[PDB]
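Understanding the architecture of this molecule
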Amino acid sequence: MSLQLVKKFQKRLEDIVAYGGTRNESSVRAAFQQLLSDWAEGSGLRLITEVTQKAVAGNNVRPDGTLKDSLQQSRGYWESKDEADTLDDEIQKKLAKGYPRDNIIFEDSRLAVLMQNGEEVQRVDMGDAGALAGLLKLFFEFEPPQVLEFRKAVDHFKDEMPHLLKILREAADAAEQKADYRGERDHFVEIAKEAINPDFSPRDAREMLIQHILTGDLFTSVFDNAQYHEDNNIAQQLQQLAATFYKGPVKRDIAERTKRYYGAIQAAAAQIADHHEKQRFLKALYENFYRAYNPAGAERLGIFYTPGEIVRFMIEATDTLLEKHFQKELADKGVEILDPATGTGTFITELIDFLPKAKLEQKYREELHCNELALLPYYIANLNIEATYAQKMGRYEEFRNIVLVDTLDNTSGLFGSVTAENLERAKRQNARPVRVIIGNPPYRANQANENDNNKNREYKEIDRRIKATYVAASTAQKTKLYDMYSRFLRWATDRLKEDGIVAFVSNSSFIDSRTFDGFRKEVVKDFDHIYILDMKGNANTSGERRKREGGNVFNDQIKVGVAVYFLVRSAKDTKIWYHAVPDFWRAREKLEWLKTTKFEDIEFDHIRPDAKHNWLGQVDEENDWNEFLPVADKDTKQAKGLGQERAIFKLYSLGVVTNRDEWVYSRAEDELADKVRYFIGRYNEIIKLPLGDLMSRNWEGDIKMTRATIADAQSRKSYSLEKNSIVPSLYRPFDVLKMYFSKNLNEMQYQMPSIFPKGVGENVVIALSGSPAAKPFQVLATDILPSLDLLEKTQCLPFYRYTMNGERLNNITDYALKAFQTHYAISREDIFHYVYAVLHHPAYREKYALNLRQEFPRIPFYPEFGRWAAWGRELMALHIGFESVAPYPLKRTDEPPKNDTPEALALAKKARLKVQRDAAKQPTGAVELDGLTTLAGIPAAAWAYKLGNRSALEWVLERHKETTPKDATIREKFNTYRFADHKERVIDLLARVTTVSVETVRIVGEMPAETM
Amino acid sequence: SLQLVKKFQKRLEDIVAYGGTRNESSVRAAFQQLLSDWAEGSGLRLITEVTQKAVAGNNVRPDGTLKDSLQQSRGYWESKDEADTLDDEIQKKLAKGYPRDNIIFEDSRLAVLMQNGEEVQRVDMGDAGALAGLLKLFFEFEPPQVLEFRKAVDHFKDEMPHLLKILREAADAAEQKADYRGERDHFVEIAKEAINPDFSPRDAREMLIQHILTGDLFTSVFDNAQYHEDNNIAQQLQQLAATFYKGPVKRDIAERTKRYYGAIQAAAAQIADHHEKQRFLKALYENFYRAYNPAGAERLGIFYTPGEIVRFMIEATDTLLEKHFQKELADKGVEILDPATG
Amino acid sequence: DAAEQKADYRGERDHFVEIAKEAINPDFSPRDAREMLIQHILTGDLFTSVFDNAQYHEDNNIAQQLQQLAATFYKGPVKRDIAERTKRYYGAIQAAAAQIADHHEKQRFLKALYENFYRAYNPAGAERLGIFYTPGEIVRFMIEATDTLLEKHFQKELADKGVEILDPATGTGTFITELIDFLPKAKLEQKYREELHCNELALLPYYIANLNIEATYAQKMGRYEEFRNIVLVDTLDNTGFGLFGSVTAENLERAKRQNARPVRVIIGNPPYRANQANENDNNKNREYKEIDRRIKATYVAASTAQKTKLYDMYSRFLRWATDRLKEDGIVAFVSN
DNA sequence: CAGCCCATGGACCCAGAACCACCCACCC
DNA sequence: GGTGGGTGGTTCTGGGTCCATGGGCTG
DNA sequence: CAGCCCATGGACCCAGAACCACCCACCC
DNA sequence: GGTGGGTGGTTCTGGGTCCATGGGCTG
DNA sequence: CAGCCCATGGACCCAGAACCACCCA
DNA sequence: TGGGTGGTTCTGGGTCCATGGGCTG
Ligand SMILES: C[S@@+](CC[C@H](N)C(=O)[O-])C[C@H]1O[C@@H](n2cnc3c(N)ncnc32)[C@H](O)[C@@H]1O
Ligand SMILES: C[S@@+](CC[C@H](N)C(=O)[O-])C[C@H]1O[C@@H](n2cnc3c(N)ncnc32)[C@H](O)[C@@H]1O
Ligand SMILES: [Ca+2]
Ligand SMILES: [Ca+2]
C-alpha cells in the first residue's frame, strides 16, 4: 500500500488524460477510485461507488463512493471534482446540500482534503506520494467512537489478566482439598497421557481447567455464543472436570469477585457487532493468557499471531499456483486443505472469506480441516470459524473438522482419543486426501537455558525420518535440523499424498544456514517448484547487518529471520525462485508490500544451487582462492606426519566454551574464589539429595547446572576447588579476565589444553573468525586463553603444540616450509608473523570476503615475503603485549559533581563510558569515562581499527561499563563491581589501545592495492 | 487472463455483499476494473464516460471507451442492470446511435460482443474461460485502419518500380555536378577497403537511392527523422547526398514521389503499434531489391524469416541453454550475435 | 532552462541577443531569445509532422541562424527525451492531419498555434504585437473591393503587372494566401515572384506565414517555389527607404529591396493598442522616433484635443502607409 | 601441370480454373 | 425474375530445369 | 523646465442558463 | 414504465471599468 | 565398545530518549 | 517561562551457549 499504490495512482492519472485526451472528472475519477478500492480490499473494507444516502435535508445525496464494512455500514465517503473547479468553494456547496461530514475525502486531481468529524484534519498535494499515503492512512483507520471504547477495554483486559488469573488460581488450589475434583483430575491426566502429551503433568490439567472457565465466561460475556461450550466435544469433557469442583457457592464466589474484571469489556462488546472487530479481543487473550500463566509452555507452543496480511497473501498466492500448476482452484471440489496449527484460527477464518458464498457450504462441511494442541487455542479457533461462517453466509453451523491432536505425533494409536468425537475426526483427517497444507508452524531450536529446563518434546517417527533424510545428507557438525519447524516440514512432505502445495511462513534459516545444507539438497528431490520470499528481519545480528535486516514481518515481536515459502510438487529440475524484500526496511513497509503485491507480478530471480548446495551466497569461481590452506580437517586428523600435511598449521583449536560465563569469569581472582566456592559447594550438596529428586532435577536453580554437570551429579560423585586451575584469559577483544579453566566449570575445553596447558604453557595463537561469520572477518594474535565469544566462533591457530608428556613441538606444518622455500628461497618463527599480515591485507580481506565466510582463509604466496613477515612482526607484538605498548597522549580532565549532594557525587561515579560523537554520529575524539572523569585526546585513526562490529576502543569501553549479572544468584547474592575504582586503570588501558590502533592502521595502510 | 476474470467475479459478489446494492452504478466497477487492467497489458487504456457524436447528431456516452496512445477509440462498453432484458436494452441503445463496431453490452450475468455490426459471441460472466475468450476478441479486434494499412503496403510493393524511376533520374542528374562526382569518388575508395574490394559507382548510386528513399519514409511513416541525423553511417552518406539533394532539386523530387508515399502515410499515422508498422519495413526490404537490383538480391539473399520460425528458434535456444550450460538467454554473460540481421 | 547550463548555448544565445538588439528591437532580452528558441523547436516538430514541410527550415534564412542556437543543446539524447514526452500532445493532431489533403483545411491549425502560443506563453507580448487573426470573410471582401477601386480610379487590376501589394503585418499570412487564391493561375507566377511582399516582427508568425504562403501557391500551381518576399523587420522602423532586418544577410537584402519597390496597394490588418491597461504591467508601447515625430507634425498638430491617443499602434501604421504610398494607390485596412 | 574429365543439387513464379460481381440479352 | 452469357477482376492451386564450376586425373 | 492640470476611449471573458445524457428513486 | 431529481457535461448568451499618459499650462 | 571433541544459529526486550502533560514555581 | 516533575510511550540495536553427531577407543 502506501507508496506502491499511490505511485501507481499517479502514473494511471497521467495515462488517463494522455490516452483519453480529457481532463473531466467522470473520466479521471477512475484513478483515485482504484487507489481507494485496492487500499480497502487489503484493509477488509470495500469502496462501493455511487450509493444514495437519504440526508437530514431530505435529499438522496449520492457521493462518488462509500467506504463500507462487511456488515454494509458506511465508514467513509469520497467526492471527486475536476481540476477546473475550486475544491474549497465546491466543498461548501456539497456540504450545504447535506453531504456526509464524518470521514469524507473531497479531492481534485491535484489537492485532497479530509473532513474528519466535521473539521479538515489534513489538506495534502496529491503529487506527493508520502503526503497522500498519510492522508489515506487516517481515512481508512478512522473508526466510530464505540469501536475506540472496545479497543481501550481490550487494552485494559490485558492489564487485568494477571489479577483475574490470580483469583482463578486460588480457586483451583481449594479444588485440591475436595477429593471428587482430584478423582476426575487423576482420570483426566491418565486419558490425556494417551492422546496429547506422553508426559502429561497434574499442572497441565490445572491450566486446562483454568482455560475452560476463563474462556467459558468470555464466550457469554464479550461474545454471545455460550452454547459453543455446551455443544463442543472437548468443552463437555472439561465441563465435567470443572463441575465436580466449580459449582454452587464456589461458582458464585468466583463469579462475584471476578465480575469487576469481566464487566468493562462486556459493556463495550455489547455495542460492537462485527466479528472482525470483536475477534481482536480473542487475539489479545490468546497471547496475554500464556504470558501471565505458563510462559515456558508458551515458548514450547510458539503462542504467536500471524498478521492477516501474511495469511491473505499466502491464501491468494496458493490459488494462483493451484491454477498455474494443477489447473485447479482453492474453491474447487477435491482440493481439501489442512492447517497443522490453527492457533487463533486465522488461516481458515480468512479462507472462509476468500471462498465464494456459493461454494462455502461444501468447503466448510467436509473440505476445510485444522488441528490444535492447546485448549484455549482450540476454543478461540472454533468460535472464530463458526462466527466467521455465520457472518459471511447468514446461517450458523458448527465446525466438525477441528481436532485437538499433536499433528506431529498423529502419524493406529489413541493419539486424539481425549474424547470419542475427537478421535473420530483425528482418523477422518488422516483418511481425507488433502492437497494444500498452509500455516505458521512453531519455530523452536534448542532451548532458552539449561536452568530453564524446558526442552523440546522428542518426536518419534518424525525425528526418525529427518535422520534418514535432512540430517543424513547434512555435513555440518551441529545439525539444528531438529527445530520444531523442520519437523513440521518433514511431516508435511509426507502428509502431501501425491501433488500439492506446502505454503508456510517459517525461519529463513533454511535459505542460508550451514546446518540446513542437507535440507537444501533433499527438498529439491521432494518438490518440483520452490518459491521463497525472504522478509529478512534477523535481529539476532549486530552492526550494519542489523540495519540491513530491518524490522520483522511479525510486528517486531520475534528476533529471527522470516520467509514466506511456497513448495509446490507437480503431478526436469526443481525451479528455485527467490525474492528478498529491500534492505534497511521497517515492519510496516514489509507488511504494506504483502497487502498489495499480487503473487503473479513479483520479480523472482532463479537461484541455481552450487556444489555445496548453497542456494544463496554463491562464491565467485574466477577468483583464485586456491592457494595453500591455514588449517584443514585432514591436517589435524593426521598420522602420516608430512604425508597429508597440506596446510600451514596442524592443530585446529576452538576457544574454551564455559557454558556459564558468569561463574567461571571475574574482574579479580578474589571474587572468583568465593564464586567457585558457592557453586561446587552446592553441587556437593546436590549429590547428597535423593536419587529421585536428583534425576528429575527437582533441586534448586541457584547454580547454572549444565548438561555434563547434571550427568556428573547423576553418578552422585564429588568435585574440589583448586586455585591452580584459575588463570587470566581473553574472552573479549583487548579485555583479560580471570577464568577458572577447571574441567568441572568448563563444559567444552576443546583442544585448548594442547595449546596452553592450564594456562602455564607459553604459546602465541592467531585467533580466527570461524565459518559462517555474520560480523566482518576478524583476526588477532594473543598469548592468553581465548574463548568462543572473543571472535565469531573463535578458531585459535597455535604457534607450538604441547603434547601428552609436556613437549612444545612447533604446531606450524612442515609442508608449508617445504612449499615456501621452493617458491621464495625461511623461518617458521617469521612465517607465523607472515600469515598474520596476509590476513591483515585489505584487498585480500575484501576481494575474498565471500570465500572467507565459507572456509578456513587459504593463504596466497606473497612476493616480498620478508616485508610481510616484518609487517606481521610488529603487528603481532603490538596485539600480544597491548597492555604495555605506549601511553598515547590522552587529555584527561575531571568535572565537579555540581551541587555537592551524596547522591550527585555517587551518581557521577557510575560507569558512564560513552563515546562522544557529533553531527552524523562521527567521533569528536572525546570519551566521557564517568560523570567526573572525561577523557579526550583521541585521533580518528583510533576509531578506524575495528576488531568486529565495534572498534578496538569500543570493545575495551564496552567491557569496562558495569552490567547487571543476568544470573540472579550473582546479581545480588554475589559481587557487583563498580567503575569509580577502575577509572584510573581504564585511562591507562585506553591510552595503550589508542596507540595500538594508530600503529595497526599505519601498517595496514602501507599494503599493496592488489591481492594474490 | 483467467486470473483477471477470476478477480472480476470476486469483486462483483463483494460489491453486492459489502454494499447491498444491485444498481448498475455500483456493480459496474467490477467489469470497469477487469477491462481497465486487461487493457493496461495490451497497450490500450479504458477511459470512462467519453462522449461521442452519433450519425444522427445525438451525443451518446457509453460506460467506457478503449483508447490507444493516439487518443483513438478501438472499442466500447455499456453495462446495464440485471433486472432488465439485455437484448431489449441492446436494441434501444443501438437505436439511440450506440456504436456497433466493437461493443460489449454488459449485464452482471451475461455479455454479448457485437463486432462489425453483428453479434460475434455471447458468453456467461460466470465462466472464467468464456469471458476470457470474449475479452481476447474485444482487445484483439483489428480496427479499420489496420486493414487499410495492409492494403496500402501491398500497393506500395507494386508502385516501387515507378517510384525508383524518379529517384534513378535524380541520381543520374547528380552525375553532372562535379561536387557529387568528387564525393562519390571518395566514397567508392573508402568502401573498396571496407565493404567490397569491387565497390563500383553503380554500387554507390544504389546506396544513395537507398539513403534517399529510406530518409523520407523514416520521417513520414515511422516518425524517426532523428535516426538519420544521429546514425554513424547515415552521416557519411548524407555527406554524399547533400552535394545535390537540396533546395529546388529536392522540392521537385518530393512533389513527384508524394503520389507514391501519400497513402501509406495516411494509414500509418493512425497505427500506434510498431509491430503492425514493421510489415512495411519488411516490404520495403524485399521489394526494393526486386525492382532495382534483382541480381544483387540473389548475391546478398533478401528473404525475411517468418516470425513463427524466429520465435521458435529463440524459445528453443533458451530450453537448450538451460539443459546444457545451466544458463538462460537473459542471464548476464550470454552474448548473442546475428551474423546476417536483415 | 536546462540549456543555460551549457557554455556553448550561453555563448550563441549572447551573440544572437546582440545581433537582434540592432535588427529587431533595441531592448531584445534573454526572455525574447528563449521565446524565439521555444518557437523554433515547436514549429520544427509540427512542420515536419502535420504539414510535411521539413525542408522549410533548411531553405529559410532565419531558420538557419536560429538552428545555430538550437544545435548546441537540441541533439541526441536531449532531443530524444523531450520528444518522447511531447508526443502525447502531438499524437492526435498528427494522426487526423495525415488523412487531410487540402491545405485550406490544415490552415486552421496554423491559426490555432499562432493565437494560442502567445496566450499561454507570453500574454503580455501578445498585447504589444496584436496576435489576432482576420476572419476570412473580411480578408476576401477587401481583396475584391480593392480590385473594384483599382479599376475605378486607376484602370488596373490586382493581377496586372505593376501593382505591387505590401502587407505591413502578415500574421498568419491570410491576406497574401487569399490573394494567391484570387489571382489567375496564368498571372500568379510573376506576382508571387516579385509583386506580393509582406513583413512580420515575431518568429512564430513569420514561420507560419512563409509556410502558409508557399503551400497555398504549391496547391494552386502544382510546384513548390520559395517565397523570397517575406522580411522579419519592424515595419515602423524600416523607414530607411540601416541595420533593421540584419538578423541574417538575406533578410537585410530583402528589407533594402522592399524599401525601393514601387508599392501601389498597402492591404492589411494593423495592430491596435492605445495604452497599457495598468501601470503595474510595465508593458508600454515601444517608442518609434521617426513615425512619432511625423504624427506629431501632422495628426497631433492639427488636433484641438487636450488628450492625444493618436500614438496608438493603428494610428502609427496609418501614418506609415500614407508615407509609403509615394505616388498613387489604395491603403486598405481593417482597424478600430 | 594445364588441360581434361566427373559430378550433383539448385533463397520461385506463373499459367489453368474457380468463382464472383455486374449487366445485358433471353426467356418466362 | 431468374438465367445464362459477356466481360473483367480476384483468389487459389498445382507443379516443376538445364547447367555451374571445384576437384581429381593424367599423360 | 519641471511641475502641475486636463482629458478621453480602451484587440474580452465569464457566470448563469439552459439543455441534454444517463440513471437512481419514486410512484404507477 | 413514465417521471422527477441527482449529477455532470456541453452549449449559448448577455452584458459591461477605472485609469494610462501626452499635451497644454505655468510660474 | 561410549565418553569426548566440534559446531552453529538462536518465535524480543530494553535502556533511553523525546515528549507529554501539568501545574506552577 | 523554562523548569521541575514524574511518568510514559517510541525506538534502535544487540548473547552467550544448548546440545546432537562423529569419533577414537
Ligand atoms: C503461531 S500459532 C499458529 C498461528 C495461527 N495459525 C495464526 O494464524 O496466528 C502456533 C500454535 O501451534 C499449536 N500446535 C498445534 N500442534 C502443535 C504441535 N504438534 N506442536 C507444537 N505446537 C502445536 C500450538 O498450540 C500453538 O497455539
Ligand atoms: C492582426 S496580426 C496580423 C493579422 C493578419 N492580417 C492575419 O490575418 O493574421 C498583427 C501582427 O502584426 C505583426 N507586426 C508586424 N510588424 C509589426 C510592428 N512593426 N509592430 C507591431 N506588430 C507588428 C505582429 O507580429 C502581429 O502578428
Ligand atoms: Ca464527483
Ligand atoms: Ca449503462
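Conventions used here
Residues numbered from 1 in each chain as written, not as in the entry; some residues may be left out. Chains lettered and ligands numbered in written order. Part of a larger assembly, values for the part shown. Heavy atoms only, no water. Residues with missing side-chain atoms left out of burial classes, pairs and counts. Axes fitted to C-alpha atoms, helices over the stretch in contact; angles between N-to-C directions. Helix = DSSP H or I, 4+ residues; strand = E, 2+ residues; numbered from the N terminus. Parallel < 35°, antiparallel > 145°, perpendicular 65-115°, else oblique. Contact = heavy atoms within 4.5 Å. Nonpolar A, V, L, I, M, F, W, Y, C, P; charged D, E, K, R; others polar. Patch = residues over 30% accessible without salt bridge, like charges linked within 9 Å, V, L, I, M, F, W, Y side chains within 5 Å. Areas by Shrake-Rupley, 256 points an atom, 1.4 Å probe, with all protein chains shown as cover. Salt bridge = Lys/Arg side-chain N within 4 Å of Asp/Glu carboxyl O. Buried area = accessible area lost by both parts, 1.4 Å probe. Buried < 20%, exposed > 50% of the residue type's maximum accessible area, 1.4 Å probe, protein only. Pairing = 2+ DSSP bridges. Donors = N, O, S within 2.8 Å, 3.2 Å for Na, K, Ca; no water.

As recorded in the PDB header, cryo-EM is the method behind this entry, and the stated resolution is 2.86 Å.

Brief notes about the packing of helix 7 (residues 201-220) of chain B against helix 9 (residues 232-241) of chain B
Residues and elements named next belong to chain B. Where helix 7 meets helix 9, the axes come as close as 10 Å, and the angle between the chain directions of the two elements is 105 degrees. In terms of axis orientation, helix 7 runs roughly perpendicular to helix 9. Listed contacts from helix 9 to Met 207, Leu 208 and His 211 of helix 7 are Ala 234, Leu 237, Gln 238, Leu 240 and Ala 241. Its residues assigned to classes, the contact of helix 7 with helix 9 comprises six nonpolar, two polar and no charged.

Let's talk about a nonpolar patch on the surface
The grouping of B:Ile309, B:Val310, B:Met313 and B:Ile314 at the surface amounts to a nonpolar patch, some 350 Å² of accessible area in total. Tracing the backbone through its elements, the reader meets B:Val310 in helix 13 (residues 307-325).

Quick word on the interface of chain A and chain B
When the parts of a complex come together, some accessible area is lost, and that lost area is often taken as the interface size. Taken residue by residue, the interface counts 37 residues in chain A and 40 residues in chain B. In total, about 2900 Å² of surface goes out of reach between chain A and chain B, with carbon and sulfur atoms giving 44% of it. Inspection of the chain A/chain B interface yields seven salt bridges. For B:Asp14, the salt bridge is made with A:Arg46, and the minimal N-O distance between the two is 2.9 Å.

Quick notes on the pairing of strand 13 (residues 500-507) of chain A
Residues and elements named next belong to chain A. Counting buried residues in strand 13 gives eight out of eight residues, a clear majority hidden from the surface. The sheet contact formed by strand 13 and strand 15 (residues 562-569) spans eight bridges and is antiparallel. Of the residues in strand 15, the one forming a bridge with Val 505 is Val 564.

With respect to the coordination of the calcium ion (ligand 3)
Residues and elements named next belong to chain A. Protein ligation of the calcium ion (ligand 3) involves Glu 25 (OE), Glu 25 (OE), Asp 64 (OD), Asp 64 (OD), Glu 79 (OE) and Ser 80 (O), the donor distances falling in the range 1.9 to 3.2 Å. Along the chain, the residues donating to the calcium ion (ligand 3) fall in the pattern E-x38-D-x14-E-S. Pair noted here: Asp 64 is in the loop between strand 3 (60-61) and strand 4 (65-68) and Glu 79 is in strand 5 (residues 74-80), with a separation of 15 residues, a long-range link.

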